[PDB]
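S.K.: The structure under discussion is supplied below as structure tokens; questions concerning it will follow.
Basis: the model, the stated rules and, where named, an outside source; these are not laboratory values. Cβ coordinates were reconstructed from backbone atoms using ideal geometry, including for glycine residues, and neighbour counts include every protein chain displayed.
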Number of protein chains: 4
Amino acid sequence: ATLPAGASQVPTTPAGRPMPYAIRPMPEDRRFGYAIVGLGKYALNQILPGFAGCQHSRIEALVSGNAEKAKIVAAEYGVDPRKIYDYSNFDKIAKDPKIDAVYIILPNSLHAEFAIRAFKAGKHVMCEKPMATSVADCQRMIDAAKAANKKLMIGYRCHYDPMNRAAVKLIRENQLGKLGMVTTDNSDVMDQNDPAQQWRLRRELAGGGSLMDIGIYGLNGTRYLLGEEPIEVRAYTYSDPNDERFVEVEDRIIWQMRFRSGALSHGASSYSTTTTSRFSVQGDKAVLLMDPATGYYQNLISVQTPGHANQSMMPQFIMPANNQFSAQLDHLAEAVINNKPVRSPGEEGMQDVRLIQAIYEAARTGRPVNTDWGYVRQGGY
Amino acid sequence: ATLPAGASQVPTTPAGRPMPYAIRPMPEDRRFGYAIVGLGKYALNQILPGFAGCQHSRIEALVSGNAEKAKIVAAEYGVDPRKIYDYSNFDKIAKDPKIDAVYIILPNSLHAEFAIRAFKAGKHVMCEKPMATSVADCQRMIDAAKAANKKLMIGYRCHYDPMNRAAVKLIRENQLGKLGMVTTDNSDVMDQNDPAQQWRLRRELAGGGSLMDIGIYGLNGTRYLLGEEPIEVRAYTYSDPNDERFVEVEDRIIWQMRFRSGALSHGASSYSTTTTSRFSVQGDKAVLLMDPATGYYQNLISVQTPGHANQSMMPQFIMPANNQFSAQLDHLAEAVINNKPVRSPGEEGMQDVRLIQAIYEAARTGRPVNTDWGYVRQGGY
Amino acid sequence: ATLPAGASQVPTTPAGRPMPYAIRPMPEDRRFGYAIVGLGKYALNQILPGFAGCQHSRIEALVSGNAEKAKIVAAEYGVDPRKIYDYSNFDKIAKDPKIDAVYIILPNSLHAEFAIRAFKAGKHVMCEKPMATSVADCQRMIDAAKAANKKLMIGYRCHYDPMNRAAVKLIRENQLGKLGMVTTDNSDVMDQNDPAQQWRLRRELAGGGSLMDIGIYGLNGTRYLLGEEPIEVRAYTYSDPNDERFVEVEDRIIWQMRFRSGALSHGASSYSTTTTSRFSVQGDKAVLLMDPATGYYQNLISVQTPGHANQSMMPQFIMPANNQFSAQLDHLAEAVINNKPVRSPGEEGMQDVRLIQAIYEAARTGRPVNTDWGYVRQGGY
Amino acid sequence: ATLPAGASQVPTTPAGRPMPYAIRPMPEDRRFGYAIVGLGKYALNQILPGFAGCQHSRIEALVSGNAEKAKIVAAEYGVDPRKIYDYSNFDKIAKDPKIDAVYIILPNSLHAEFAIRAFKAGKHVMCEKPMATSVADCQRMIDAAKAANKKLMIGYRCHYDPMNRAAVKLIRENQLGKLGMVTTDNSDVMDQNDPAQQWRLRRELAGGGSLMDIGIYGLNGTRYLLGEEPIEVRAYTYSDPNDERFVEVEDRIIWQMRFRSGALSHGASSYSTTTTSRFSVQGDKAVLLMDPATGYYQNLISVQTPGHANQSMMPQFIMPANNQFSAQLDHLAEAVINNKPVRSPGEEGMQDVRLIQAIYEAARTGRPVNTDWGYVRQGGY
Ligand SMILES: NC(=O)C1=CN([C@@H]2O[C@H](COP(=O)(O)OP(=O)(O)OC[C@H]3O[C@@H](n4cnc5c(N)ncnc54)[C@H](OP(=O)(O)O)[C@@H]3O)[C@@H](O)[C@H]2O)C=CC1
Ligand SMILES: NC(=O)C1=CN([C@@H]2O[C@H](COP(=O)(O)OP(=O)(O)OC[C@H]3O[C@@H](n4cnc5c(N)ncnc54)[C@H](OP(=O)(O)O)[C@@H]3O)[C@@H](O)[C@H]2O)C=CC1
Ligand SMILES: NC(=O)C1=CN([C@@H]2O[C@H](COP(=O)(O)OP(=O)(O)OC[C@H]3O[C@@H](n4cnc5c(N)ncnc54)[C@H](OP(=O)(O)O)[C@@H]3O)[C@@H](O)[C@H]2O)C=CC1
Ligand SMILES: NC(=O)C1=CN([C@@H]2O[C@H](COP(=O)(O)OP(=O)(O)OC[C@H]3O[C@@H](n4cnc5c(N)ncnc54)[C@H](OP(=O)(O)O)[C@@H]3O)[C@@H](O)[C@H]2O)C=CC1
């Protein structure tokens, strides 16, 4: 019994070694450059910090309305101080060839504006959800992309989150059997004192209440989990008339949907209840519980059958996939580099907007709203 | 250091000792005699086996339409063969003073008449849920109870299940804060080859589909967790038109409600997907997840807040409270012995039936139904 | 679409129906009669209540040194008052052919003599663990069983518990790979004021401390999970010198073992810390976690690998296998009826006692003790 | 009912906003500069990627023996190509004032060498665990720090991991009661083909097997969880003599310890079994289960009592504390900036080395090894 070759050949003195094994995503290059517009809560707590983990993305320039703040951040992330644009001279980015695309992290109402604006600046557009505050503005955004022959991608991080991906895969492998009932809930207690929440209370700025904000996850999720689109929709909303927070936007709203397969779904969103992100998919073989379902971190899914609960979550020492944020950034970057369509196109973001408007209409009229308008998810869910 | 008195006084030879510490409910007496009506699935799998752990209840007689089966069951539970009754000679139980009550475990359409004949026979009545198949019949049962001066109790085992009572208690202790959103789901794959499910597919016998059968748990649970009644309901139901199972009763139905406190709820029942029994109660301080929520066994609850999940379930060595079945049985017994009302009276069962009829009515018309009819829960939830 | 034959043939009036689907063990007969010896804590809290779910067992007689208590217990379980025995007139059970066996639930030092007198009385014997307080006495019990041509079974409920048998099965199916490390812990806070614990603090009656009482589960479990016997043990024990509870028996003791396969294990038992019952079995493919591992209820197992945790526990509506207590009771009954050996014979109980004596011997000398004495598990683990 | 001031004052046109709320650690400055020596598996998968999240640390220079690789990394992390040292001219760092400290991520045997070497280069030292391969080399490292009046810190990330910190806090708050039994297990299947594992198989390079490598976590953990030091130690080790992997170092080893408080602990480490990081702390009120206990990610702790399991883990949307890696880096950085002692000093790393040697001695001799040498954890655990 003797030691193996490798071990026996290791010098007992300081010596160089080969490239170590990768048990986590390693940085490769930094060829794609982003222009981030809107230094808000998401842009600073989740997005910018997300670039560090990218393999193909960098922060080349940032666009802000607050010059003093924009100066402080530029330092932290080391972006060229001379590359700190504003809303007035945002259009001038078309002069910088090192600015491949822009990432719009502005209030919902301002999405369409800077999207078509950037498209005429010859840049790729990564717009946050919800796409826009109007089906029309969504289509105009698509038109600008086509006209400029550029890429339009919506910020659906769940489309690039490991656990969410595992959930879809397991369903496509038929581990749940025939799908028949989906249940979604997304909630967070609205704080009017938080600067980021203030515009969300303004209807012309947000476009809607909790649905447009977080209920969209359940809606979108119900869609890619089931792998199909709603053909009919019904909904109801209610808000405490005495709560100053919901004068213009809805607090909570409940929507029921039917699909071509015969599958049904019921879900809700809320501005008056604590943190909730839970999805449930019922097949005739098993039931999947995603909880947390769409968190920034610590997602956890479980396939349940009588006597069993098979849970999956990110490992404790290894990282077989990149976090949703970095994976999202690089996804646009490498969709361009390889001339490939993006998984989350403007047509997909436009689909949620229509459905949401159809849902509001259903809650407004109290009648079923037909949504069987032949939409097709290009490239699968 | 020396040994304590107790240990040092134990004889080393065979000797009598004290009553031991009780770590689970001990039997006490079998003073309250039941007559079980309908030796079917729930009866033979859950109720009859549930008598063993009772502290005041016993099986005195059986009522069956299958003499061969009754004879076998009677022998299995030491019942006197002379105490076997036909559905035709049922009324003669009035002649046996050793029969204090009957437990009706027949198809839904037959609960009313046998409860009424039981009262005419001067016996107390325990009746399974759903109470009956018409509001009118529920009232006739209540009128007969009062006319005979005997008690009327509906089989809501979840009203005597330790984990459900624990969820109710943490809610009343304001551990979730102000309640805003409740979500329920109760499902099971319908198998037309199971004899018990055969009458469930007949509208005339079942009185309805998945809502009457298992959706009632979500409905009833939403009411006792919130501790209040709904003021209006909305709903929609769908069933694949080609599925032989749902020609007369509904498969899947979704109902949402609004309560006087402002709270909302969305729930669903299914005959088309596998085992699901899950309740979530969202407050503005924390979120409660009951899953399993209403199982015959293994219920599990969890209070969730960012970074935490405090779970509760039955201990592994001790049994602080009796199981739901034995408890329910003794509950009616203790109520007559002590001359007190029951927690699940006929009025409670009637309220669920009225709400279910409202829900079916709301699904049928696609319009909301006002249910603000002033039902008051006597004794609390 | 029309209704299936079954549903359409159900009468709408009161009518007899078929035997229902069984979703839990149904009673069958009570052919095997037991005489319970020692109406203490385990007997009244677990064993007597366990007879209800038996399919072939019944309580025929009681043996107690507290006539007042026996009279009460007899009435609680419908036992014939004439079937109450003294520890002095115990031998006269030989005169009752309706008594097939006895279940010895007395302090450890008294198991041997009453098992022997039981055999002399021509009865089968179920004896609680630990089998006895000396290896020699275990052999005398075995010799008496053989001399009387009656069976000898030790109360190892975990050998008939669904979750433990499920853990054994996944192990034998190589789901963990090659077994290398097993960890066990069994603890409970000793309370000298509980009558049952009083003899446990007396060396002469208990035969030892925490190892004899509950550490035996870790020991016995390590053997059936690994499916092999230890070839040597090592150990150390410690007990606060000023604590009146541990003047004669040990509080905490740690023992580690090596098996012929190469596998190792380290476990411990405690009278000083709260409820703990946890087993982990490390293989090179996956890790098994049993926690609760040996509870009277709610056992839970999980197979863990990076990114996964597949849990198993008893279902919420169905009961595939009978509870451990009822199962253990019927097991001896089926063994004599069918003329077969039991899974927990006297030899099995004797092996644990020999191993425990080796462990105490290893702790006492601080030296390792060779236990490679060729015990062979008849019938498998 | 009107909208609140904040919301109503938000311009519906592009405008600048204030600094957003922080729900996650924000980058502040980058004043402290690190010199990372040893571009291995940890340095590249966990450490370097860890700087991005720091608030006070940057990568100023890297030391490697592989020039080609060192060139590739420098690009990825953008370190000055002219600042790529090697083992020969490592000493020259003393000339760069922008190099505040060095982080040694070299094989165990080479820890002492470059530590004292860097101390004479007038730099602060952050050495990875285990400190060194000799108690003596540990003391020499301490001497160099004192002589150079610099800071010596060991890489105990668990000392700066949220969940591990929560575990200590809860124990100090007495939520477990009086501590009496700790159980630890740390395992990973050794792969001789992995370049990083090859030196670990060499005794003069690693200093020991699984204990020195990962068993140290259980040892260290047992120490800060209990908040005290071992006074006595016993151990045993075994390795398959036919396995080429363990010719020089131990595969698995089991060690038992006793503390001044009377608390006991049993734990093990393994090179032949799958991923395992589990700690268990038993008090007389509750039991704590850390599993994962010391993972790079996804740690999970739980306080258990009969009927309860209160779990804690990182939130799903917020990040109230920085990850162990970044927190570790900045900790040295800010320990210098504020002239404060470090929580993980060389004296603490030296303590584990002694205990480990004492443990090996115990396993070698098979006798108890006294470790009551008056060590004192400066600054608490
Ligand atoms: N997918 C996900 O997980 C998340 C997506 N989002 C989305 O990101 C977008 C930004 O929202 P969020 O960061 O939370 O909110 P914030 O209120 O915190 O920030 C909005 C940002 O847009 C700019 N802005 C321009 N005009 C206005 C205006 N009139 N009122 C307010 N801000 C303005 C500001 O940049 P500056 O001050 O520098 O001038 C500000 O930092 C939204 O579309 C939201 O739906 C948000 C959170 C998560
Ligand atoms: N609370 C709970 O958890 C549960 C409550 N239930 C309730 O108990 C009641 C019985 O349901 P369940 O045991 O599942 O069903 P089953 O179909 O299995 O049994 C019904 C029984 O009633 C008698 N019966 C008399 N006339 C008829 C008839 N015309 N058609 C069918 N049966 C007849 C039969 O007994 P016999 O042969 O002896 O004449 C039969 O076994 C229902 O109201 C149901 O809602 C059911 C399951 C669970
Ligand atoms: N497998 C399992 O899960 C468990 C097994 N056990 C085992 O069962 C056996 C009994 O333990 P347990 O029920 O907890 O203890 P108890 O002390 O509560 O009862 C022992 C019983 O035996 C009789 N007895 C006769 N002589 C004595 C004596 N001198 N001192 C004390 N009792 C005497 C008494 O019955 P009477 O008054 O009627 O004369 C007494 O109630 C033990 O061997 C124990 O290891 C215990 C718990 C669990
Ligand atoms: N706390 C924690 O979580 C962890 C701590 N560690 C610790 O980090 C240290 C490094 O181990 P690890 O990264 O896993 O192992 P690696 O084998 O992957 O790397 C060792 C590094 O040290 C340098 N080195 C110098 N001389 C030698 C030599 N003779 N043989 C091998 N390498 C040499 C090499 O740098 P170059 O090739 O560039 O010249 C090499 O990259 C160890 O002390 C280990 O205990 C490791 C993992 C986790």
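S.K.: Just give me the residues in the range C:144-166 being within 16 Å of the chain's Cα centre (by Cα), among the charged types (D, E, K, R) and in a helix (DSSP H, G or I), in sequence order.
M.R.: Residues satisfying the conditions are C:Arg157, C:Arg165.
S.K.: Looking at the structure I just gave you, is C:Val249 more than 16 Å from ligand 2 (Cβ to nearest atom), more than 11 Å from every other protein chain (Cβ to nearest Cβ) and of a type in the set (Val, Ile, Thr)?
M.R.: Working: more than 16 Å from ligand 2 (Cβ to nearest atom): yes; more than 11 Å from every other protein chain (Cβ to nearest Cβ): no; of a type in the set (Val, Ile, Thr): yes.
No: the conditions fail for C:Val249.
S.K.: Could you give me the residue pairs with C-beta distances under 6 Å whose first residue belongs to the range A:180-197 and is touching a residue at least 60 places away in the same chain (Cβ under 8 Å) and at the interface with another protein chain (Cβ under 7 Å from one of its Cβ atoms), whose second residue is more than 16 Å from ligand 2 (Cβ to nearest atom) and assigned to a helix (DSSP H, G or I) wherever it lies, and which are 6+ apart or on separate chains?
M.R.: A:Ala196/A:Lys41
S.K.: Of the conditions (1) touching a helix residue (DSSP H, G or I) at 6+ places or on another chain (Cβ under 9 Å); (2) under 30 Å from A:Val249 (Cα atoms); (3) assigned to a loop (DSSP other than H, G, I, E, B), A:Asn322 fails just one. Which one is it?
M.R.: Of everything listed in (1) touching a helix residue (DSSP H, G or I) at 6+ places or on another chain (Cβ under 9 Å); (2) under 30 Å from A:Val249 (Cα atoms); (3) assigned to a loop (DSSP other than H, G, I, E, B), A:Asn322 misses just condition (2).
S.K.: Condition first: more than 7 Å from chain D (Cβ to nearest Cβ) and touching a helix residue (DSSP H, G or I) at 6+ places or on another chain (Cβ under 6 Å). Now tell me which residues in the range A:18-35 satisfy that.
M.R.: Within the range A:18-35, A:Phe32, A:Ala35 meet the criteria.
S.K.: Another question about this same structure. Based on what the data block shows, is C:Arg58 facing another protein chain (nearest Cβ under 8 Å) and more than 30 Å from B:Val10 (Cβ to Cβ)? Steps first, please.
M.R.: Numbers: facing another protein chain (nearest Cβ under 8 Å): no; more than 30 Å from B:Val10 (Cβ to Cβ): yes.
No.
S.K.: Which numbered condition trips up B:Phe114, out of (1) within 25 Å of C:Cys54 (Cβ to Cβ); (2) within 12 Å of chain C (Cβ to nearest Cβ); (3) in contact (Cβ under 8 Å) with a residue 60 or more places away in the chain?
M.R.: For B:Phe114, the exception is condition (1).
S.K.: Conditions first: (1) in contact with a helix residue (DSSP H, G or I) (Cβ under 9 Å, 6 or more places away or on another chain); (2) at negative phi; (3) more than 8 Å from chain D (Cβ to nearest Cβ). A:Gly38 passes all but one, so which condition is the exception?
M.R.: (2)
S.K.: Within the group A:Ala268, A:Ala263, A:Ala235, which residue is away from ligand 4 (no atom under 16 Å from the Cβ) and touching a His at 6+ places or on another chain (Cβ under 8 Å)?
M.R.: Numbers: A:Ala263 fails: touching a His at 6+ places or on another chain (Cβ under 8 Å); A:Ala235 fails: touching a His at 6+ places or on another chain (Cβ under 8 Å).
Result: A:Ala268 is the single residue among A:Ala268, A:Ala263, A:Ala235 that is away from ligand 4 (no atom under 16 Å from the Cβ) and touching a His at 6+ places or on another chain (Cβ under 8 Å).
S.K.: Just wondering, is there one or more residues in the range A:232-244 that are of a type in the set (D, E, K, R), in the same structural domain as A:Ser187 (by CATH) and closer than 23 Å to B:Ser187 by Cα?
M.R.: Taking the range A:232-244 and keeping what is of a type in the set (D, E, K, R), we get A:232, A:234, A:240, A:243-244.
Cutting the leftovers down to in the same structural domain as A:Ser187 (by CATH) gives us A:232, A:234, A:240, A:243-244.
Right, trim to closer than 23 Å to B:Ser187 by Cα and you get A:232, A:234.
Yes, that holds for at least one residue.
S.K.: Tell me yes or no: at least one residue of the range A:202-210 is within 14 Å of chain D (Cβ to nearest Cβ), buried (at least 20 other Cβ atoms within 10 Å of the Cβ) and touching a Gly at 6+ places or on another chain (Cβ under 9 Å). Please lay out each step first, then the result.
M.R.: Going residue by residue through the range A:202-210, those that are within 14 Å of chain D (Cβ to nearest Cβ) are A:202-207, A:209.
Okay, now just the ones that are also buried (at least 20 other Cβ atoms within 10 Å of the Cβ), so A:202, A:205-207, A:209.
Of the ones still in play, those that are also touching a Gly at 6+ places or on another chain (Cβ under 9 Å) are A:209.
Scanning the range A:202-210, I find at least one residue that is within 14 Å of chain D (Cβ to nearest Cβ), buried (at least 20 other Cβ atoms within 10 Å of the Cβ) and touching a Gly at 6+ places or on another chain (Cβ under 9 Å), so the answer is yes.
S.K.: A follow-up question, please. Only one of these is more than 9 Å from chain D (Cβ to nearest Cβ) and either of a type in the set (D, E, K, R) or touching a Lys or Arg at 6+ places or on another chain (Cβ under 8 Å) (or both): C:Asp240, C:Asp213, C:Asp284. Name it.
M.R.: Details: C:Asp240 fails: more than 9 Å from chain D (Cβ to nearest Cβ); C:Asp284 fails: more than 9 Å from chain D (Cβ to nearest Cβ).
Going through C:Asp240, C:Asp213, C:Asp284 in turn, the sole match is C:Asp213.
S.K.: Scan the range D:143-157 and tell me whether some residue there is in contact (Cβ under 8 Å) with a residue 12 or more places away in the chain, among the aromatic types (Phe, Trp, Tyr) and closer than 30 Å to A:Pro4 by Cα.
M.R.: no
S.K.: To continue, here is another question. Can you pull out the residues in the range C:328-381 that are touching a helix residue (DSSP H, G or I) at 6+ places or on another chain (Cβ under 8 Å), of a type in the set (A, V, I, L, M, F, W, C) and more than 14 Å from chain D (Cβ to nearest Cβ)?
M.R.: C:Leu329, C:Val342, C:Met350, C:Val353, C:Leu355, C:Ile356, C:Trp373
S.K.: With the structure loaded, tell me whether D:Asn89 is closer than 30 Å to D:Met314 by Cβ and either free of Cβ contacts under 8 Å to residues at least 12 places away in the same chain or among the basic types (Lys, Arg) (or both) or whether it fails that test. Break it down stepwise before answering.
M.R.: Values: closer than 30 Å to D:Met314 by Cβ: no; either free of Cβ contacts under 8 Å to residues at least 12 places away in the same chain or among the basic types (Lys, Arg) (or both): yes.
Considered against the rule, which asks whether it is closer than 30 Å to D:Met314 by Cβ and either free of Cβ contacts under 8 Å to residues at least 12 places away in the same chain or among the basic types (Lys, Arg) (or both), D:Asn89 comes out as no.
S.K.: In the set C:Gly218, C:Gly208, C:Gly155, C:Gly122, which member is under 30 Å from D:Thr273 (Cα atoms) and more than 16 Å from ligand 1 (Cβ to nearest atom)?
M.R.: Values: C:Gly208 fails: under 30 Å from D:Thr273 (Cα atoms); C:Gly155 fails: under 30 Å from D:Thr273 (Cα atoms); C:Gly122 fails: under 30 Å from D:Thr273 (Cα atoms).
Matching residue, one of C:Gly218, C:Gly208, C:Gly155, C:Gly122: C:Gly218.
S.K.: Among the numbered conditions (1) without any contact (Cβ under 8 Å) to a residue 24 or more places away in the chain; (2) away from every other protein chain (no Cβ under 11 Å); (3) small (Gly, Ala, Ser), tell me where A:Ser302 comes up short.
M.R.: (2)
S.K.: Output yes when any residue across the range C:138-159 is of a type in the set (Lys, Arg), within 16 Å of ligand 3 (Cβ to nearest atom) and within 25 Å of C:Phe51 (Cβ to Cβ), and no when none is.
M.R.: First pass over the range C:138-159, keeping only residues of a type in the set (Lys, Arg): C:140, C:146, C:150-151, C:157.
So of that shortlist, the ones also within 16 Å of ligand 3 (Cβ to nearest atom) come out as C:157.
From the residues that got through so far, the ones that are within 25 Å of C:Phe51 (Cβ to Cβ) too are C:157.
Among the residues of the range C:138-159, at least one is of a type in the set (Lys, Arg), within 16 Å of ligand 3 (Cβ to nearest atom) and within 25 Å of C:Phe51 (Cβ to Cβ), which makes the answer yes.
S.K.: Take C:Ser272 and tell me if it is in a strand (DSSP E or B) and either in the same structural domain as C:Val249 (by CATH) or over 19 Å from D:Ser302 (Cβ atoms) (or both).
M.R.: Numbers: in a strand (DSSP E or B): no; either in the same structural domain as C:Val249 (by CATH) or over 19 Å from D:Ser302 (Cβ atoms) (or both): yes.
No: the conditions fail for C:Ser272.
S.K.: Check the range C:9-17 and report whether any residue there is facing chain B (nearest Cβ under 8 Å), touching a residue at least 60 places away in the same chain (Cβ under 8 Å) and buried (at least 20 other Cβ atoms within 10 Å of the Cβ).
M.R.: no
S.K.: Considering only the range B:41-49, I want to know if a residue exists there that is out of contact with any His (no Cβ under 7 Å at 6 or more places or on another chain), in a loop (DSSP other than H, G, I, E, B) and in the same structural domain as B:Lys98 (by CATH). Even if it seems obvious, please write down each step before you answer.
M.R.: First, pick out the residues of the range B:41-49 that are out of contact with any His (no Cβ under 7 Å at 6 or more places or on another chain): B:41-49.
From what is left, the residues that are in a loop (DSSP other than H, G, I, E, B) are none.
No, the conditions are met nowhere in the range B:41-49.
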